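K.L.:
Sharing a structure, written as structure tokens. Questions coming.
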Amino acid sequence: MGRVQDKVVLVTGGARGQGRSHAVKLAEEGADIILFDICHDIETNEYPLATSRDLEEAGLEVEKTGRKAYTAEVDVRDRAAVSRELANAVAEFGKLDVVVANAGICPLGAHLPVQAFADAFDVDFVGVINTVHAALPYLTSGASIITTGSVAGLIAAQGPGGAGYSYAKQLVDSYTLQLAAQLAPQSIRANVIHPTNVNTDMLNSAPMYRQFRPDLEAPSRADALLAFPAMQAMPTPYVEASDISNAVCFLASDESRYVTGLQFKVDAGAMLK
Amino acid sequence: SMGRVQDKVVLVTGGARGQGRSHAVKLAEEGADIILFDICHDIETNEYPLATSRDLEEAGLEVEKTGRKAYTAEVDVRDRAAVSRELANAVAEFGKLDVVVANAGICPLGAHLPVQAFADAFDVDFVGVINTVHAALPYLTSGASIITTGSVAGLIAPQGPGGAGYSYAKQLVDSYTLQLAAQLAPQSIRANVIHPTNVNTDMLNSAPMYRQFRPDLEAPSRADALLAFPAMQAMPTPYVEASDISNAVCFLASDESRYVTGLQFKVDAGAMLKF
Amino acid sequence: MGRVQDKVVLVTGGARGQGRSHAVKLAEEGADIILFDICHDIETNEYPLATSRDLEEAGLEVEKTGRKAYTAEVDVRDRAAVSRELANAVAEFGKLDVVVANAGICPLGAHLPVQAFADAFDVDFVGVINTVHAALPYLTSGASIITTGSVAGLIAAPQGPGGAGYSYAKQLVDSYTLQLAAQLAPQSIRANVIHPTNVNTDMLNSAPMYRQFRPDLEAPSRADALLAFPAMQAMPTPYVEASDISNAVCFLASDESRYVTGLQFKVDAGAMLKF
Amino acid sequence: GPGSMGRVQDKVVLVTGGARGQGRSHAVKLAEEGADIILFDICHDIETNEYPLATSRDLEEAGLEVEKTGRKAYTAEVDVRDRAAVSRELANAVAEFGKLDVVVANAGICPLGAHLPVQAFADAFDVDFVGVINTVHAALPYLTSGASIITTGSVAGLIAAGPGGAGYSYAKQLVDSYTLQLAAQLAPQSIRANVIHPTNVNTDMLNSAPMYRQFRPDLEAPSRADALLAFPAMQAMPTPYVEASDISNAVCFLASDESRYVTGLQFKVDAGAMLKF
Amino acid sequence: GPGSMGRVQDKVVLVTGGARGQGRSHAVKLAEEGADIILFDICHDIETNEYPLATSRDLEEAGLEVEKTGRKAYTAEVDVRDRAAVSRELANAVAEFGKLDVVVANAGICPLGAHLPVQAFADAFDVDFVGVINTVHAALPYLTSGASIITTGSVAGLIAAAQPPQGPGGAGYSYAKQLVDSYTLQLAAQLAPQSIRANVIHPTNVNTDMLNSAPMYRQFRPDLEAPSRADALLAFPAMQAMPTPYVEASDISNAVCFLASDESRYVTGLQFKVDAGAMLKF
Amino acid sequence: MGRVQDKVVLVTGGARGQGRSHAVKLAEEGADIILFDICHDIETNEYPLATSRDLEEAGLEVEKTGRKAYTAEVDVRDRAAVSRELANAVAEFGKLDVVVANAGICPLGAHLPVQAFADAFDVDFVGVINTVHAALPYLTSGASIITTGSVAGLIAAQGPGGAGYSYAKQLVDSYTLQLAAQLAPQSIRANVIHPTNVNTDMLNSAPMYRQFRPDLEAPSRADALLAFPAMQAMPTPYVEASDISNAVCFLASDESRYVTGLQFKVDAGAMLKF
Ligand SMILES: NC(=O)c1ccc[n+]([C@@H]2O[C@H](COP(=O)([O-])OP(=O)(O)OC[C@H]3O[C@@H](n4cnc5c(N)ncnc54)[C@H](O)[C@@H]3O)[C@@H](O)[C@H]2O)c1
Ligand SMILES: NC(=O)c1ccc[n+]([C@@H]2O[C@H](COP(=O)([O-])OP(=O)(O)OC[C@H]3O[C@@H](n4cnc5c(N)ncnc54)[C@H](O)[C@@H]3O)[C@@H](O)[C@H]2O)c1
Ligand SMILES: NC(=O)c1ccc[n+]([C@@H]2O[C@H](COP(=O)([O-])OP(=O)(O)OC[C@H]3O[C@@H](n4cnc5c(N)ncnc54)[C@H](O)[C@@H]3O)[C@@H](O)[C@H]2O)c1
Ligand SMILES: NC(=O)c1ccc[n+]([C@@H]2O[C@H](COP(=O)([O-])OP(=O)(O)OC[C@H]3O[C@@H](n4cnc5c(N)ncnc54)[C@H](O)[C@@H]3O)[C@@H](O)[C@H]2O)c1
Ligand SMILES: NC(=O)c1ccc[n+]([C@@H]2O[C@H](COP(=O)([O-])OP(=O)(O)OC[C@H]3O[C@@H](n4cnc5c(N)ncnc54)[C@H](O)[C@@H]3O)[C@@H](O)[C@H]2O)c1
Ligand SMILES: NC(=O)c1ccc[n+]([C@@H]2O[C@H](COP(=O)([O-])OP(=O)(O)OC[C@H]3O[C@@H](n4cnc5c(N)ncnc54)[C@H](O)[C@@H]3O)[C@@H](O)[C@H]2O)c1
């Protein structure tokens, strides 16, 4: 008897990092997962995104719990693709209970053109809209929508991609609260998780290193690692994907049936600074 | 098969009934030994009954039924010295203290009540929280979790002096918890505040609360108030249940929430979205 | 000679109303125009959108000035389509200087489902994003991006989910436009948002809008609504005319505003002065 | 040319500080667009303002620059701090031109410098806010439905939300809030009021020893080439300033029936300045 | 009395609007505490302000009441709207007393009424904000280290800020009183280096001819077409948190005396509410 | 007849510093005074607090004016003790007119444990609550409650103790205005005085010197004096206790009968630096 027993969960960006961690955690707690991921790079985003193989490994990891996995290569900027693959996924499972709008990029770097802003926004905000809007027809009383924000985003309230990332995340937050209001009469909840630094390929990337160590020409991971902890008030350079998955599991579960419009910081006190 | 608070020691003030009892039992089910403090007598300005001695005994027995230990004591959180004394005794018995649930509270509503109602709501609902937290501090070590009970209706601000005192105390419980979270973060001790909307307990289900929800009748019954309760929430419900708050408490008390601190944890069925 | 001599201007929602008025004014001032419009209805929006005929007539009115018009039936919710048609128009006109993201719906009604919120948002915000993001590759030094907000939307910061979606979309058009102005400023490209009050077009003169303005009546006529329209303005008028917005569009599109960027350009007859 | 119909055709416009800089620029642009201009300027220095103000010849030449467009000009040396003089000279100008349509309350000083006494606060405030009040309150009895009042604020002023610099910013902050109060009061009569907030403008005010010293506090006493290196920091667009003509284009829009329903607008011409604040 | 040492002993105080009301009260209080007084008042009506202002006699009687304390009084009929006249008479007054220590910029009108034209906005603003400016600025070159500038605000004025009838004059009054407040703090910051103080006093309802006026009764009883004083007196107390319809001029003079006195030598930029708790309702 | 003629005033922290200055000023103006002070040190507060002798001498100073003094050793953290001694004092003096909740500590130091936060808070906020709540049953129309804030506190909105101090002082402010609202119908007033730096033992202390000169390891007074003036807009390193007592006297006197809910800065313009 798991904490999300027999629920069906959509996870965007589910191939690796937080998304894969959420898929596995929820499956461990008794849910079947629909995993969507781009599975190829975006040009202005100067670290590798997930591969086809990552998404496969992610399905396998889920299946290993005894739950079922639907996998699809889908770009969240493509609504029709999201709609299409979601109908397929529902066909297999018959239901959709939880939406985890987790996919995102962080195309940082001051030398990048304004396209990087557009790309950060298209994926990080518009892709979230596309995800929820595609998912709404399928949701009934008791459904839970979970969106991924960013503490660094809220603080901003790095170049064109950084700016677009921050502003997209501020809108993920305010949009989530609008959605919460709109869906509350139907007992469908919507909440935003705001992580601080998370130990994933997004954080452990060359553009992110240069962001934390602007004093250095070519900072290494070891150099950035010295600057990582300043973001948190607790003594840690980052939280783990598991820390985010714990909050996702709480919000996915009927345990949180009356939690909606919550700005759920998993930040090690970053916002207390 | 480990519990979510496996072998932790938790203090719960106001543990005799309502949310506090629900928190005790929930955390005991999840593998924690529980220290329950409750005043077990009424407060004059507060015009509905508080917990009785039989309540506290029954709370302790319900915890013991899970196979965990319960330490129960009649303690008024307005009494710093008595809080520290009993807690010393309980920590000595249980070995350690991992979690603090500063839940005890009163809601002394009524337009007719004197200023004492302000001072009483403030003394219990804020000063009592401070006294609970400060008495606990010397025992807490890295990974400890402090959980305070706020109130959405609080944050949103005929209620009288007791209602003004209630609202202001709850506002300060919120700013205080966040201030404490900043000071405790370098030691990896967390502090977070839960803000319930309406909760189905003796505090909500009380004559002064019914007068507050129905300012248009002079002696409204529960049936009259129950018609007005839903206005508070955005989701179609008159209140949430004690189990809903316990679920938030369990999450914050568990190592699942090791990097969650300074959070204003609304369990409010959308109440704050109407503001 | 003209105030936008030889410029090329994309106008979305160009078939009628403010959009067509912008096209014609800008053509009269020396610019060639690309006019996009959906030319069909949207189910949650309970008034008719422009027709194929409206769009052809708008193109003709542009050409009447002696300048060139490129028309295309295009849903701003479809970015592929916006990009495809803009490509065709640019290969014909050789250039793109000014973007007027004017297309919008106002799907009011207290009886409408949450779909109405998504449709308002998809068109009014995502449609603006799609428009601008499609235009971005083509812009050079001195380019001008003009978006259309709404005073009533700002103020929002019964109308039903559609009204909520509308208001929120317009708030985001505003904050998005300023963020984009910041990012484009290094290349001397500007972005400004125009916030009209009531404008005398089919959006304002529509059955859902009459009900919005007369919630005291079950079945208000235009005449009943026209009595309420002036309350929105501080000046004694029921609305501004499309020509008033077009005058502001022409300033922003002209080289005369080369250093005007990040401006929230109210043409509201004092509507915001009522806070 | 002869018989052109302009954007401000046949209007009568009052422009304070119309002797040089933005004021002269507005006077000319509005003349080119068909308006007859009443120009007011103090035409002497102010002791706390440590750069020279306009001269009598400057004003005359502003009148001449106007007539060169084909339009009529009325000039008077008037200190906006003297409401009686404002009233007396305006009443002369209206009886002779027969009407008043537009008010450009542009007169201003910027008496910067850390060493100056508090009088520099009083002088900045008396000219830049009281003189604006003096201008408007004097002109009001003449205005009817369709008139347009246009006050000059300042982005640097808004952002700030020595003693002369403190008085300048605060005065500009009040120009802004006062213009919006006035717009609300005059809306029922269909009279409009709006404020233009320039960033750096290439004028004698920006090109002054006090300003250079303010932009470059690092040099003990700097020059124009020095300042011109630190002017750009103020704008988001890659420029050290806007020109007087950029402001005159906004003025022309607000003076014109084109902007008949535009009121209470905080009209930034700032090259993106405010997007850094 | 004369032979002993008062709280403003041997100071010289300018009070504008000194002919009656709070101004006359301030003058007499300060003189009992050892100060000589310069009393300025307009001593004639303003047309948009639909209640009588002070009379020439009022001003004479105020000087005499100052003199009855044993101190010296200097009176002049001055419109605070005319800076040239403020500066001219202030020079004459200072030349006669030799010094200026305290400025109390108290002169004001409240030209309320729905029916009045926009001139009532301009008149409220010219008297209540521009008059205060002309008062302070005319005084500045006479002030040395230790001087104290005291401006009269208004709680009702401030409350109106937070708030989104009173007519053009009412709007000009509230906006003017909001500017008195922000202006006094700006001035306080600019004068602090010279050890010159500036503070603003914000009264709630005060029992004077301004409060006891036909336009004020319409303001307090908008439900009545022609409310009397008795009608208005039922609504007056709603402004205060303490149970009273108004404070007295003496209450305001007590705060003026504190601020004028060397007792408050390090008090500056203070927003000094004397409001019986009015601001606790907003 | 003095400005507080025949009133009975309770002053907490009355042994020395501002509290003793308030006592003697009010006594000179005709009031009998009740003086409470802890009269021993608090471990996390690394400068000496008042002694038994300070308190007794403070009472003698009051008596010298011809008025009566009642002194008691009382830790304002102990409400039971505050109530008991106050019942004793009121029994003797017959009534209670004015409460001046002045007792405080400032336990600064970056090295100190979180206990210093709790101690600063227990004394400087809960201590004030205890004082006011213990006095409420004695108060009638015209009574005046005067709490002591801190400009440095308001600006903050140093170590755990510093943070505890600033936060406590911020709540003294908001609490005092709540109390004013609640007591207004009884015509009982409550006002908060916010001082800037005051020339007392709290300011003239090694932890305060380290606070104003974080760039040094053992700052002397001379080192700290170079930095004290930056806090004020007027050219002074601090105000004196007498400046604060002057404000206390105004608020204690019937002269301020209608002043309530006031945040009374005596800050030499500190807050004008925002
Ligand atoms: N890592 C951090 O420090 C941090 C902090 C705050 C928030 N976040 C957010 O958490 C979320 C998860 O990121 P992560 O930390 O797991 O990094 P990650 O890069 O490992 O995971 C992001 C995943 O989303 C996928 N993705 C990217 N663009 C997509 C698109 N258009 N369509 C479909 N899938 C796409 C990627 O392939 C990748 O698998 C993101 O929204 C990110 O912005 C991360
Ligand atoms: N019930 C609601 O609608 C609601 C909403 C928001 C917040 N809250 C808060 O939740 C908390 C729990 O209240 P509840 O709903 O369980 O009601 P409850 O009255 O059933 O529980 C409160 C308990 O605290 C005890 N208590 C009260 N004063 C005490 C004191 N001085 N010392 C020790 N124990 C004391 C009572 O005896 C009782 O057992 C309170 O802080 C309350 O303010 C309640
Ligand atoms: N009329 C008002 O009172 C008012 C007030 C404030 C703001 N606005 C805004 O002004 C803008 C113009 O509207 P209007 O007043 O001219 O009304 P309108 O309905 O006459 O014009 C809207 C035009 O946009 C077109 N359109 C709608 N959805 C589209 C889509 N998805 N793709 C392409 N075209 C689409 C319509 O067919 C129509 O031609 C809108 O953005 C509106 O929100 C209007
Ligand atoms: N130049 C800038 O960078 C800048 C930036 C923002 C705002 N402004 C504002 O723009 C306005 C125009 O100034 P400018 O840039 O043209 O500089 P300027 O010094 O060339 O023009 C100011 C003109 O006003 C006149 N003047 C000054 N005091 C007067 C008085 N008391 N009475 C009558 N006339 C008086 C001067 O003689 C001068 O001709 C001013 O209000 C100024 O504060 C200027
Ligand atoms: N009465 C209240 O309820 C109240 C409340 C808040 C603030 N105030 C303020 O207190 C101040 C004094 O008013 P009061 O209550 O004593 O009323 P009041 O009308 O009795 O006194 C105002 C005095 O100022 C004089 N005066 C008016 N305009 C003048 C001018 N232009 N030049 C010189 N003198 C002028 C009047 O003749 C009169 O003597 C005013 O600033 C007022 O706005 C009054
Ligand atoms: N000195 C400053 O710079 C300054 C600035 C702002 C505010 N304040 C406030 O002024 C007030 C008085 O301080 P001061 O400057 O006279 O310093 P001080 O240390 O000389 O005096 C404080 C007095 O309170 C007493 N006291 C401390 N804890 C007590 C307790 N628990 N119970 C009873 N008495 C206790 C002390 O023994 C001492 O006599 C304090 O609230 C302080 O925080 C001081």
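Residue numbers start at 1 in each chain; chains themselves are named A, B, ... in the order of the structure tokens; ligands are numbered from 1 in the order shown.
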Per residue of chain C within 7 Å of ligand 3, record the nearest atom pair and its distance in Å to one decimal, counting only C-alpha atoms and all ligand atoms, with rows in chain order and ascending residue number, as a tab-separated table.
P.N.:
```
residue	atom	partner	partner_atom_place_in_ligand_line	distance
C:12	CA	ligand 3	34 (N)	5.8
C:13	CA	ligand 3	24 (O)	3.3
C:14	CA	ligand 3	39 (O)	5.8
C:15	CA	ligand 3	39 (O)	4.6
C:16	CA	ligand 3	39 (O)	4.6
C:17	CA	ligand 3	16 (O)	3.7
C:18	CA	ligand 3	16 (O)	3.7
C:19	CA	ligand 3	16 (O)	5.5
C:36	CA	ligand 3	33 (C)	6.2
C:37	CA	ligand 3	34 (N)	3.8
C:38	CA	ligand 3	33 (C)	3.9
C:39	CA	ligand 3	37 (O)	5.4
C:40	CA	ligand 3	37 (O)	6.7
C:49	CA	ligand 3	37 (O)	4.0
C:50	CA	ligand 3	37 (O)	3.8
C:74	CA	ligand 3	33 (C)	5.7
C:75	CA	ligand 3	32 (N)	3.6
C:76	CA	ligand 3	32 (N)	4.1
C:77	CA	ligand 3	31 (N)	5.5
C:102	CA	ligand 3	41 (O)	4.7
C:103	CA	ligand 3	24 (O)	3.7
C:104	CA	ligand 3	41 (O)	3.8
C:105	CA	ligand 3	27 (C)	5.1
C:106	CA	ligand 3	43 (O)	6.3
C:123	CA	ligand 3	31 (N)	4.9
C:124	CA	ligand 3	41 (O)	6.4
C:127	CA	ligand 3	31 (N)	6.5
C:148	CA	ligand 3	41 (O)	5.3
C:149	CA	ligand 3	7 (C)	5.6
C:150	CA	ligand 3	6 (C)	4.0
C:151	CA	ligand 3	6 (C)	6.2
C:152	CA	ligand 3	6 (C)	6.9
C:195	CA	ligand 3	6 (C)	6.4
C:196	CA	ligand 3	6 (C)	4.5
C:197	CA	ligand 3	5 (C)	5.0
C:198	CA	ligand 3	3 (O)	3.7
C:199	CA	ligand 3	3 (O)	3.9
C:200	CA	ligand 3	1 (N)	6.0
C:201	CA	ligand 3	15 (O)	4.9
C:202	CA	ligand 3	20 (O)	4.7
C:203	CA	ligand 3	17 (O)	4.3
C:204	CA	ligand 3	3 (O)	4.5
```
K.L.:
Can you tell me which residues come within 8 Å of ligand 5 when counting only C-alpha atoms and all ligand atoms, ideally as a PyMOL selection string?
P.N.:
chain E and resi 16-24+40-46+52-55+58-59+77-81+105-110+126-128+131+152-157+173+177+202-212+246+249
K.L.:
At what distance in Å, to one decimal, does CA of residue 57 (chain D) lie from CA of residue 21 (chain D)?
P.N.:
14.0 Å
K.L.:
Could you give me, as an mmCIF file with C-alpha atoms, in the first residue's frame, the residues within 6 Å of region 236-247 of chain D, counting only C-alpha atoms and dropping anything in the same chain fewer than 5 positions from it?
P.N.:
```cif
data_model
loop_
_atom_site.group_PDB
_atom_site.id
_atom_site.type_symbol
_atom_site.label_atom_id
_atom_site.label_comp_id
_atom_site.auth_asym_id
_atom_site.auth_seq_id
_atom_site.Cartn_x
_atom_site.Cartn_y
_atom_site.Cartn_z
ATOM 1 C CA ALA C 185 18.215 47.284 -25.754
ATOM 2 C CA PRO C 186 21.881 46.431 -26.567
ATOM 3 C CA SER C 188 18.922 49.404 -30.200
ATOM 4 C CA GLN D 22 14.930 71.130 -24.731
ATOM 5 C CA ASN D 200 20.416 62.075 -19.979
ATOM 6 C CA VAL D 201 19.753 64.761 -22.642
ATOM 7 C CA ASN D 202 22.549 66.377 -24.697
ATOM 8 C CA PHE D 231 27.288 58.744 -19.514
ATOM 9 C CA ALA D 271 16.753 54.730 -23.713
ATOM 10 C CA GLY D 272 15.795 51.919 -21.267
ATOM 11 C CA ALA D 273 17.231 53.675 -18.147
#
```
K.L.:
Need to verify the contact set: residue 223 (chain C), 12 Å, only C-alpha atoms, exclusion of same-chain residues closer than 4 positions in sequence. Can you return it as an NGL selection string?
P.N.:
:C and (205-207 or 210-211 or 213-214 or 219 or 227-229 or 238)
K.L.:
For residue 146 (chain C), work out the shell of residues within 12 Å, counting only C-alpha atoms and skipping chain neighbours fewer than 2 positions away, then give it as a compact mmCIF listing (two decimals) with N, CA and C atoms, in the first residue's frame.
P.N.:
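Contents of selection21.txt, as written:
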```txt
# COMPACT_ATOMS: atom_id res chain seq x y z
N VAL C 9 5.91 46.23 -41.57
CA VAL C 9 5.23 46.13 -40.28
C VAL C 9 4.35 44.89 -40.29
N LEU C 10 4.56 44.02 -39.32
CA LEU C 10 3.64 42.92 -39.09
C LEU C 10 2.56 43.33 -38.10
N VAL C 11 1.31 43.13 -38.48
CA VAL C 11 0.20 43.40 -37.56
C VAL C 11 -0.58 42.10 -37.42
N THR C 12 -0.63 41.52 -36.21
CA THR C 12 -1.54 40.39 -35.96
C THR C 12 -2.91 40.91 -35.53
N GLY C 19 -6.45 46.49 -35.08
CA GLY C 19 -5.45 45.92 -35.97
C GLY C 19 -5.50 46.49 -37.37
N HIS C 22 -4.44 50.18 -37.32
CA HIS C 22 -2.98 50.31 -37.29
C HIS C 22 -2.38 50.11 -38.69
N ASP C 97 10.63 45.49 -39.87
CA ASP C 97 11.02 46.62 -39.01
C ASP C 97 10.21 46.78 -37.73
N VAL C 98 8.93 46.44 -37.80
CA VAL C 98 7.99 46.71 -36.72
C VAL C 98 7.04 45.54 -36.52
N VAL C 99 6.84 45.15 -35.27
CA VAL C 99 5.91 44.07 -34.96
C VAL C 99 4.81 44.65 -34.09
N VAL C 100 3.56 44.44 -34.47
CA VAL C 100 2.41 44.90 -33.67
C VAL C 100 1.60 43.67 -33.28
N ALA C 101 1.77 43.23 -32.04
CA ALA C 101 1.15 41.98 -31.60
C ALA C 101 -0.17 42.34 -30.98
N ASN C 102 -1.15 42.46 -31.86
CA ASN C 102 -2.42 43.05 -31.46
C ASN C 102 -3.58 42.05 -31.34
N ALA C 103 -3.42 40.86 -31.91
CA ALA C 103 -4.49 39.84 -31.91
C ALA C 103 -4.94 39.47 -30.51
N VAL C 128 1.07 36.21 -28.23
CA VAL C 128 2.01 37.33 -28.30
C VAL C 128 3.45 36.81 -28.31
N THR C 131 4.19 35.34 -31.71
CA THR C 131 4.38 36.42 -32.65
C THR C 131 5.79 37.01 -32.56
N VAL C 132 6.18 37.42 -31.36
CA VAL C 132 7.45 38.06 -31.12
C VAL C 132 8.58 37.08 -31.40
N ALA C 135 9.23 36.71 -34.93
CA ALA C 135 9.79 37.90 -35.55
C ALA C 135 11.26 38.11 -35.20
N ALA C 143 14.74 48.45 -34.82
CA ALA C 143 13.44 47.76 -34.89
C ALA C 143 12.53 48.11 -33.70
N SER C 144 11.21 47.95 -33.86
CA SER C 144 10.26 48.35 -32.84
C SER C 144 9.20 47.26 -32.62
N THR C 148 -0.05 44.77 -27.33
CA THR C 148 -1.27 45.43 -26.85
C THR C 148 -1.72 44.82 -25.54
N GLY C 149 -1.70 45.67 -24.50
CA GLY C 149 -2.08 45.28 -23.17
C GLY C 149 -3.56 45.54 -22.98
N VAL C 173 1.59 40.19 -20.59
CA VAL C 173 2.04 40.87 -21.80
C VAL C 173 2.88 42.06 -21.34
N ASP C 174 2.39 42.76 -20.33
CA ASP C 174 3.12 43.91 -19.80
C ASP C 174 4.54 43.53 -19.28
N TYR C 176 6.28 40.77 -19.64
CA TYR C 176 7.05 40.18 -20.72
C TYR C 176 7.66 41.25 -21.62
N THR C 177 6.86 42.24 -22.03
CA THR C 177 7.36 43.31 -22.88
C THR C 177 8.52 44.07 -22.27
N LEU C 178 8.46 44.35 -20.97
CA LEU C 178 9.59 45.02 -20.32
C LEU C 178 10.84 44.15 -20.23
N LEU C 180 11.63 41.83 -22.35
CA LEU C 180 12.15 41.78 -23.71
C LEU C 180 12.84 43.09 -24.09
N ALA C 181 12.31 44.23 -23.64
CA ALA C 181 12.97 45.52 -23.88
C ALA C 181 14.39 45.57 -23.33
N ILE C 189 17.10 47.82 -30.43
CA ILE C 189 15.74 47.40 -30.72
C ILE C 189 14.82 47.68 -29.52
N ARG C 190 13.69 48.33 -29.77
CA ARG C 190 12.81 48.68 -28.64
C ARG C 190 11.52 47.84 -28.53
N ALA C 191 10.95 47.77 -27.34
CA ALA C 191 9.70 47.05 -27.11
C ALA C 191 8.90 47.86 -26.14
N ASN C 192 7.64 48.15 -26.49
CA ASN C 192 6.75 48.93 -25.66
C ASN C 192 5.36 48.26 -25.66
N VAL C 193 4.60 48.43 -24.58
CA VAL C 193 3.25 47.86 -24.50
C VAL C 193 2.23 48.99 -24.47
N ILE C 194 1.18 48.92 -25.30
CA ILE C 194 0.11 49.94 -25.22
C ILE C 194 -1.04 49.38 -24.38
N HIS C 195 -1.49 50.14 -23.37
CA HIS C 195 -2.64 49.75 -22.53
C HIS C 195 -3.85 50.62 -22.82
N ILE C 245 -5.61 54.56 -30.54
CA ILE C 245 -4.51 53.55 -30.35
C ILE C 245 -3.49 53.62 -31.50
N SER C 246 -4.03 53.74 -32.72
CA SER C 246 -3.22 53.86 -33.90
C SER C 246 -2.27 55.08 -33.87
N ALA C 248 -0.85 56.25 -31.21
CA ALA C 248 0.22 55.80 -30.32
C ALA C 248 1.11 54.72 -31.01
N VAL C 249 0.49 53.76 -31.70
CA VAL C 249 1.23 52.80 -32.53
C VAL C 249 2.20 53.49 -33.55
N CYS C 250 1.74 54.56 -34.18
CA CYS C 250 2.53 55.28 -35.18
C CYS C 250 3.72 56.01 -34.57
N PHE C 251 3.51 56.62 -33.39
CA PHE C 251 4.64 57.20 -32.66
C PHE C 251 5.71 56.12 -32.40
N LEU C 252 5.28 54.97 -31.87
CA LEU C 252 6.20 53.89 -31.46
C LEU C 252 6.89 53.19 -32.65
N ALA C 253 6.21 53.13 -33.78
CA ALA C 253 6.75 52.52 -34.98
C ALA C 253 7.71 53.47 -35.72
N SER C 254 7.56 54.77 -35.49
CA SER C 254 8.33 55.80 -36.22
C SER C 254 9.71 55.92 -35.63
N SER C 257 10.64 57.70 -32.07
CA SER C 257 10.67 57.10 -30.72
C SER C 257 11.84 56.12 -30.52
N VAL C 260 12.60 55.30 -27.09
CA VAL C 260 11.47 54.93 -26.23
C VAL C 260 11.35 53.41 -26.17
N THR C 261 11.63 52.86 -25.00
CA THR C 261 11.61 51.41 -24.80
C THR C 261 11.27 51.12 -23.35
N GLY C 262 10.54 50.04 -23.12
CA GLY C 262 10.15 49.64 -21.78
C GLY C 262 9.00 50.49 -21.25
N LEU C 263 8.35 51.22 -22.15
CA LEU C 263 7.24 52.09 -21.76
C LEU C 263 5.89 51.36 -21.71
N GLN C 264 5.16 51.55 -20.63
CA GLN C 264 3.78 51.06 -20.50
C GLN C 264 2.90 52.26 -20.89
N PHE C 265 2.51 52.26 -22.16
CA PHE C 265 1.95 53.43 -22.86
C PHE C 265 0.42 53.40 -22.75
```
K.L.:
Neighbours of ligand 6 within 6 Å, counting only C-alpha atoms and all ligand atoms, as an MDAnalysis selection string?
P.N.:
chainID F and resid 12:19 37:39 49:50 74:77 102:105 123 148:150 195:203
K.L.:
Which residue is closest to residue 161 (chain A)? Choose from A:110, A:198, A:183, A:192 and count only C-alpha atoms.
P.N.:
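With only C-alpha atoms as the atom set, the closest residue is A:110.
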